[PDB]
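Enquirer: pasting the first bit of my complex, frame unchanged:
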Amino acid sequence: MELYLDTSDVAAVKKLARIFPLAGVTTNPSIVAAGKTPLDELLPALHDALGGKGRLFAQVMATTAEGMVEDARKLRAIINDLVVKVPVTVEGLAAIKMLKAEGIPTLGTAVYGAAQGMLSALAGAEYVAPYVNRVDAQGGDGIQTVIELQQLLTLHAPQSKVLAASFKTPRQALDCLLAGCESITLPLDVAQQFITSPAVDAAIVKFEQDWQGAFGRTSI
Amino acid sequence: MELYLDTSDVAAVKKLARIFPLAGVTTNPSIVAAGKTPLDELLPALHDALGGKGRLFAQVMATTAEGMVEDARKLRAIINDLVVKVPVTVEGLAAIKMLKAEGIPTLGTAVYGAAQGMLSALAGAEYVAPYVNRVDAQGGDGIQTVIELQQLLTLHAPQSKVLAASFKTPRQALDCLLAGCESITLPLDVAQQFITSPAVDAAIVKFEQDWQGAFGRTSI
Amino acid sequence: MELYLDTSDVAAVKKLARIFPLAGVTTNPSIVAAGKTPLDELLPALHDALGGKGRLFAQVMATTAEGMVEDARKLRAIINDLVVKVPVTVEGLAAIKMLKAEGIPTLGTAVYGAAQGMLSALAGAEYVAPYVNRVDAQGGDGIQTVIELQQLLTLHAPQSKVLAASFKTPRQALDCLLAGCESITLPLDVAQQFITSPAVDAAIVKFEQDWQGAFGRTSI
Amino acid sequence: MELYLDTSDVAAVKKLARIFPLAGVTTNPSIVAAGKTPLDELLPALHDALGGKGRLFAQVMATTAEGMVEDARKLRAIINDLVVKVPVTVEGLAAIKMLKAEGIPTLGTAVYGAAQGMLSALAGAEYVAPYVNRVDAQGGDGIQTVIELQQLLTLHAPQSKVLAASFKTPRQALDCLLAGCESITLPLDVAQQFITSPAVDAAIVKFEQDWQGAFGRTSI
Amino acid sequence: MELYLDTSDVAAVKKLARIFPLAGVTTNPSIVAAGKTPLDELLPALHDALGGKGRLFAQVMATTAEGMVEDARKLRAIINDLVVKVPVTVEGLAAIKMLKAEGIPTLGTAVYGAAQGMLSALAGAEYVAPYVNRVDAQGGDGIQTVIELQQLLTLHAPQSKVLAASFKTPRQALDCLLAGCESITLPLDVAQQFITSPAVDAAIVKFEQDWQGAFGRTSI
């Protein structure tokens, strides 16, 4: 399993990198924009925050296949372990094919349907990123879309992975993991919710009280 | 997965060949008739449009097995590596057996039922093409027919593939791919609908807006 | 059950009114445009084609609730038995509420999700029209959307009906009827596919041959 | 439940009328042709064979709606209370509407699909007859068609009944009855198989043997 | 619910009549033979064993419908609350119809299939008795047969009841009751197994021990 954070918050990555077993960080244009730091600075900072390891993802902005290939080269020049995110559009599919021929790894992003996602894998994308919450938000069934996508890759493009993205609640991310997605990228709030629990905290308090009751101390 | 277009539109094939990872082009008599170009012109033009590679399919017209074998030879003389489509009828089954012995690859076409389709595979067809929408349109269940056919081939003729055909909506094609079909042929309209999305377009607009807001341009 | 045709083709309505038990005709802005005939001419012509009876639907064009109410009154002034189609948007929902207060019947249209649909019913729409094929075409599950919508209306707004729309194959329409939709509108092509079948034609030919064999005529 | 025989064999009807609780007899053109007896003789002979009661069904032969209406009149003159079978075609639907207005009961016959069958009920048919075995024989799913049709009638035309027809095995007829069909018509062979059983015969032999062993006779 | 014992053991009936809420006793020719007491003696003895109440069942032995009607009259003359068991055969169905006309209540017995059973209800039988264990014993699915039969009566003959019979294990009888059978007849061994339990006995022993431990007595 590859666990990613979906963020441009370098300090938060550093903090969480000692907690979670992170595979790296994913970005998208909005996430990059929120942090107000250009990629030529952000990407090496994230690399450092991870402990000088991990895989980064960053997205092309161009609207032609040729322009997207140019963007991909620029991104790959910034840092070594970098997968290029390409929106799965007409021009984006064409770009994914060209990038396959050139040996630049890609992720098919902005996926709102299973067939669209499968096409990006067949075209050469190593990862396919459905926008789970966006599908939920717009009156669809994001988890069903993930289940279908994962089925398509398993059947038809088994070397490609689902990288599930776009979460507002832990349950969405859990459901993606149960569907078999081999990679996932979490926003910071959902990531933290996985490891915050009133039930767990209460269990620990009770253990401490019992221990103190028996031994007159809270330590071994 | 082998992804085909179901078309005689040479210019459309050239355009989409740089977008999709195409395995080739399928034709049938109505499709060839629509484009008004005879096979001896059309098939080389398709081969060219694909980039001088790919797998073409064309259908016999004769009604006797011996006639169908003669047609198969004529078609193979036009395209030496073409796969010959044979309707799965009494004489069509007889022809498929003869063509197996002769070493000419076949597809069993005009399949409206699973058992009919299985029989064509057992006779030697490398592909079996159910007419999904035609079964749907005539008050049956095209997807159920495909599921059954796929089950039969998996159980009883695993060297043969389903090449699902006849589509009016992306959902039909998606369902066939979910059912495990190892090949599919799409009409131009359905193919384009897979990679056309208001939701995807809006996501990209938003990414551009957010990028511009931060950095004053929509280029990397 | 209310069976509608989804068309501006007056002659085809007259032809099919004899065959189907039609409740009326639905239109939308594209359908009206395709027919080239403005509503003040079209709607009376449809009324006549139906045999001077039936229910007609036509859609507002304005983008503000006030403007939509003005359109509704205009539309109602053309034709007595007219239900006004209102797009289920922010301003559309506002208009549906106002039209309920005024006692003008409405249909909530351009529905791509069940919750959106249900909201239009709660706001006062007598009908809710999911765009089945458009949901299918954009990588969703139009039939699942219809099942959900119908469930919501049955549970929460049982005085409102689904009027299923947007079809490319009989199977979609069949699946909507099986889901319990109490009204449906068919394009001409799908409507005619319901009632023309090679299997049925062949059965009737066989009957005629057997009758001729025994009695030496094909008539009673 | 209304149980019919599907036959032109007058002597067989008389025999089975004392065994089964028959509601009447259905015919179709092939069945009438098989017995070589014209309708004006056959239908009164059937009515007699049933005990001068019961409901008879016979099919029109004309191909225009007006012709079918004329046939219906002719059939009703032979048997005043007969139910007229009309193939569910374009002209057949038109005829069913006309016959509804005239007050002549109809059955919509030659139904190979659920939606086709539903349309006949909505047009006025009191019964709808799917051809179960014919759908089975042609690579479909007859029982699934019946289940769908029954669902449609229950939802959308509950005053109309399914009269399931066309059987090669008791299992098909059983499945139709389990599906909720409120009427059925059996060929003689299937009907007799329901009430013929090696297991039942052996049970009775054993009862007789046991009785004789104790009491020295096989009479009460 | 009507709970019957399937026996000719008068003393056992008396014993169990104060334990179970019995509706009566069923017999068949083998059961009668085992007890070596003719019906003219057995039936009044059973009536007495029940406490001078309850419903009895006894089976005809004749092989013609006319003979079965004669037997039925003889049986009804023996005792008032008597339902006549008729094997569901060709002649048995004919007899059931005649007995309906004459107002003598019947049960359709020796039922090994759902359709056969349903026919006996339609013919007039108030009860239908499938031979559950016999169907199981001969490589069928007795419980499935009961489920199907109960479905047929519920749908098609709701005034008739299933009287489930022929048991070797409580689980069979339980499964019949869960399927909705409104009457059942138990052999003595299975009846007793329902109310014999090592777990129950152990629970009671433990209650007694606890009580003695607290109060020094085993009584209130």
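Expert: It's in. Numbering: from 1, shown residues only, chains lettered A, B, ... in the order given.
Enquirer: going forward, measure contacts between C-alpha atoms and count neighbours the same way
Expert: Will do.
Enquirer: Contacts for stretch A:184-194, please.
Expert: A:2-7, A:12, A:25-26, A:162-170, A:173, A:177 (Cα atoms under 8 Å, 6 or more residues apart in numbering or on different chains).
Enquirer: Pull it out as PDB, backbone CA atoms only.
Expert: Extracted in PDB, the C-alpha atoms of stretch A:184-194 (Å, rounded to 0.1, in the frame of the first residue of the first chain):
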ATOM      1  CA  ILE A 184      -4.600   6.600  -1.500                       C
ATOM      2  CA  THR A 185      -4.000  10.200  -0.800                       C
ATOM      3  CA  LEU A 186      -5.500  11.800   2.200                       C
ATOM      4  CA  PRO A 187      -6.100  15.500   3.100                       C
ATOM      5  CA  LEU A 188      -4.600  16.400   6.500                       C
ATOM      6  CA  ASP A 189      -8.000  16.600   8.300                       C
ATOM      7  CA  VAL A 190      -9.100  13.100   7.300                       C
ATOM      8  CA  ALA A 191      -5.700  11.600   7.900                       C
ATOM      9  CA  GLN A 192      -5.800  13.000  11.500                       C
ATOM     10  CA  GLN A 193      -9.300  11.700  12.100                       C
ATOM     11  CA  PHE A 194      -8.100   8.200  11.400                       C
END
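Enquirer: got the phi/psi numbers for residue A:7?
Expert: phi -160, psi 160 (degrees, to the nearest 10).
Enquirer: Just to check, it is in contact with residue A:24?
Expert: No - the pair residue A:7 and residue A:24 does not pass the contact test of Cα atoms under 8 Å, sitting 10.4 Å apart.
Enquirer: Is stretch A:2-13 positioned near chain B?
Expert: No - under the criterion of Cα under 8 Å from any Cα of the partner chain, stretch A:2-13 makes no contact with chain B; the nearest approach is 13.4 Å.
Enquirer: ends of that stretch, how far apart?
Expert: 15 Å (Cα to Cα, to the nearest Å).
Enquirer: same deal with stretch A:133-146?
Expert: Stretch A:133-146: ends 11 Å apart by Cα to Cα.
Enquirer: Tell me which residues are up against it.
Expert: Here stretch A:133-146 has contacts from A:112-114, A:130-132, A:164-168, A:172, A:175-176, A:179, C:112-116, C:140-141, C:145, using Cα under 8 Å, 6+ apart.
Enquirer: taking these one by one, which sit in strands?
Expert: Mapping these onto strands (DSSP state E) picks out A:130, A:164.
Enquirer: slot chain F in:
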Amino acid sequence: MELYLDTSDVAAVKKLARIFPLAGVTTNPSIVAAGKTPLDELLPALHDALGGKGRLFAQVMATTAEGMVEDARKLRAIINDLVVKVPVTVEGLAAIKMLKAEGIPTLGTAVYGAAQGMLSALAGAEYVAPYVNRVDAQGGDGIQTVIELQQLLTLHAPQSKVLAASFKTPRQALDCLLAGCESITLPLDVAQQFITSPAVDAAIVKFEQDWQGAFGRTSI
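Expert: Putting chain F onto the chains we already have gives this:
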């Protein structure tokens, strides 16, 4: 259906009251705090924003039952149509009983499990509010919790309603509505997402373009 907003944002309620068919507004202590307006001002302001109608909900703050009853009376006096939210704790249940006897309507809030929810209804609560997203966020299954709660109320307290609350995505709210919840309260973000759609927006654009094409204007 009763549709609430879950907010203290008076201006936002005023805006959305003309869009949605609101039953009223729910508050909780955090939501009230975020607005920084005390209830004795907020509740009349919300009443007015709704159009001087609707039902408001507010939560007690005391931790003893007697304290909670005092809170209840105080809240009721601020505005007529006011249902008192009581946390389903030990003291909360005691307070709900007391409030039933006084005839003050209550809602049992802070529900994280079905049995807890049911108990509040049995004690007299008219509504029970599961915290769907909170259950999801802490590693449980919020929707399953709602399904079970709804089942318990339908079986055991059918006079009580589920008022589903706590949402981060439209899909959660939809799933609650599908589960049968007869009331729901939405945060502003989720409410707005129900009626925001790129697909709907694009549909309306296309209509406008088609209309303009035919008629030379975008109005009727």
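Enquirer: Check the contacts of stretch A:184-194 one more time with chain F there.
Expert: Contacts with stretch A:184-194, where a contact means Cα under 8 Å, 6+ apart, come from A:2-7, A:12, A:25-26, A:162-170, A:173, A:177, F:137-139.
Enquirer: Recalculate using a threshold of 10 Å.
Expert: A:1-7, A:9, A:12-13, A:16, A:20, A:22-27, A:129, A:161-174, A:176-177, A:196, F:136-139 (Cα atoms under 10 Å, 6 or more residues apart in numbering or on different chains).
Enquirer: contacting residues for the residue in chain A that chain E sits nearest to?
Expert: Per Cα to the nearest Cα, residue A:210 is where chain A lies closest to chain E, at 32.2 Å. Residue A:210 makes contact with A:204, A:216, A:218 under the criterion Cα under 10 Å, 6+ apart.
Enquirer: Would you mind naming the residues that bridge with the residue nearest to the spatial centre of chain A?
Expert: Closest residue to the average C-alpha location of chain A: residue A:185 at 2.5 Å, with Cα atoms, centre = their mean. Using DSSP bridges, the bridge partners assigned to residue A:185 are residue A:4.
Enquirer: Including neighbour count, distance to chain D and secondary structure, could the contacts of residue A:210 go into a markdown table?
Expert: Listed next are the contacts of residue A:210 as a markdown table, based on neighbours: other Cα atoms under 10 Å in any protein chain shown; distance: Cα to the nearest Cα, whole Å; DSSP: H, G, I helix; E, B strand; the rest coil:
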| residue | neighbour count | distance to chain D | secondary structure |
| --- | --- | --- | --- |
| A:204 | 12 | 56 | helix |
| A:216 | 10 | 72 | coil |
| A:218 | 13 | 67 | coil |
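Enquirer: what's the closest of these to residue B:38?
Expert: Among the contacts of residue A:210, residue A:204 lies closest to residue B:38 (Cα to Cα), at 79.7 Å.
Enquirer: Return the residues of chain A in contact with chain F.
Expert: Contact residues, chain A versus chain F (Cα under 10 Å from any Cα of the partner chain): A:133-143, A:167-172, A:174, A:190, A:192-200.
Enquirer: filter the residues you listed to the buried ones?
Expert: Buried members of the residues of chain A next to chain F, scored by 16 or more other Cα atoms under 10 Å in any protein chain shown, are A:133-143, A:167-172, A:174, A:190, A:194.
Enquirer: Need the contacts of residue A:210 in a markdown table (columns: distance to residue F:83).
Expert: Shown next, in a markdown table, are these (distance: Cα to Cα, whole Å):
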| residue | distance to residue F:83 |
| --- | --- |
| A:204 | 37 |
| A:216 | 49 |
| A:218 | 46 |
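Enquirer: Contacts only, for residue A:27.
Expert: A:4-8, A:33, A:39, A:42-43, A:56-59, A:85, A:185 are the contacts of residue A:27 under Cα under 10 Å, 6+ apart.
Enquirer: one more, chain G:
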Amino acid sequence: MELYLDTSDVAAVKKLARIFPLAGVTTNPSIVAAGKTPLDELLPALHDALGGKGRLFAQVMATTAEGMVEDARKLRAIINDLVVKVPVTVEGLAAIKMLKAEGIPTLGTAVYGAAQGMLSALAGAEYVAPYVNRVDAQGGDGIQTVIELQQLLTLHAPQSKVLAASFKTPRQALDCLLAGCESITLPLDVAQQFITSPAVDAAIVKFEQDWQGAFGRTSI
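Expert: With chain G added, the chains above now look like this:
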């Protein structure tokens, strides 16, 4: 997959051997009798009709195990590639064991239950032939029996194959193939129904018309 015909009709075998990929022909005592030709003439004639190849099956007639072994040797002396059908009875199972020891291949026939079938496989039969339609006809569920039998062989005797037999409709045979039977024997009527379809015929007519329309001939 092994596809057999179940027939004694030599000319029909020769005709169909050209069309189907036949593994051989099965016979039973009734089939042989119907053809009027004794086995010592029939079996060589079938061999020739198949093209001097294929596997033949014929059934013993004796009622003792010793007699069945004598029949098997006689049958094997007629034809080299011959599998001896043995009824799965007490003496049949004894014979199957003896024939295994002698190295004569067997098929366990007249199977009406899964356990009975499995026993024949365990005793040494290479094939087990359930009588699908006979189970259906006598009020059972022949397909359920086949599913169970196939499960038993897969689990407990995987070297043995189901050879599904006894068919009145294509659907039964289809369902057996879907259940995973690795061999099947078809009567002539059902075999031919698989490969003749009004829908298929109509498709090929349309192709021919469209081709003629464009190219002014119906040939390539």
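Enquirer: so, the contacts of stretch A:184-194 revisited with chain G in the model?
Expert: A:1-7, A:9, A:12-13, A:16, A:20, A:22-27, A:129, A:161-174, A:176-177, A:196, F:136-139.
Enquirer: mind running it again at 6 Å?
Expert: Contact partners of stretch A:184-194, identified using Cα atoms under 6 Å, 6 or more residues apart in numbering or on different chains, comprise A:3, A:4, A:5, A:6, A:163, A:164, A:165, A:169, A:170.
Enquirer: What ranges does chain A have for its helices?
Expert: For chain A, applying DSSP state H gives helices covering A:10-17, A:29-35, A:39-49, A:65-78, A:90-102, A:114-123, A:132-137, A:142-156, A:170-178, A:188-194, A:198-215.
Enquirer: just the ones you listed: most buried one?
Expert: Mean neighbour count (mean count of other Cα atoms under 10 Å in any protein chain shown) peaks for helix A:114-123 among those, with a mean of 27.
Enquirer: Does anything pack onto it? Which helices or strands?
Expert: Applying 3 or more Cα pairs under 6 Å, 6 or more residues apart in numbering or on different chains; DSSP states H and E, one finds that helix A:114-123 contacts helix A:142-156.
Enquirer: Now do the helix it packs on against helix A:114-123, angle only.
Expert: Angle of helix A:142-156 versus helix A:114-123, following axes from the mean of the first three to the mean of the last three Cα atoms, to 10 degrees, is 40 degrees.
Enquirer: Pipe the contacts of stretch A:184-194 into JSON lines and attach distance to residue B:74 per row.
Expert: Output for these, formatted as JSON lines (distance: Cα to Cα, whole Å):
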{"residue": "A:3", "distance to residue B:74": "57"}
{"residue": "A:4", "distance to residue B:74": "57"}
{"residue": "A:5", "distance to residue B:74": "59"}
{"residue": "A:6", "distance to residue B:74": "58"}
{"residue": "A:163", "distance to residue B:74": "49"}
{"residue": "A:164", "distance to residue B:74": "50"}
{"residue": "A:165", "distance to residue B:74": "53"}
{"residue": "A:169", "distance to residue B:74": "62"}
{"residue": "A:170", "distance to residue B:74": "62"}
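Enquirer: Any of those buried? List them.
Expert: The buried subset of the contacts of stretch A:184-194 (16+ other Cα under 10 Å) comprises A:3, A:4, A:5, A:6, A:163, A:164, A:165, A:169, A:170.
Enquirer: and the gap between residue A:97 and residue B:188?
Expert: Taking Cα to Cα, one finds residue A:97 at 20 Å from residue B:188.
Enquirer: Ignore what I typed, I meant residue A:27.
Expert: Taking Cα to Cα, one finds residue A:27 at 34 Å from residue B:188.
Enquirer: Alright, calling it a day.
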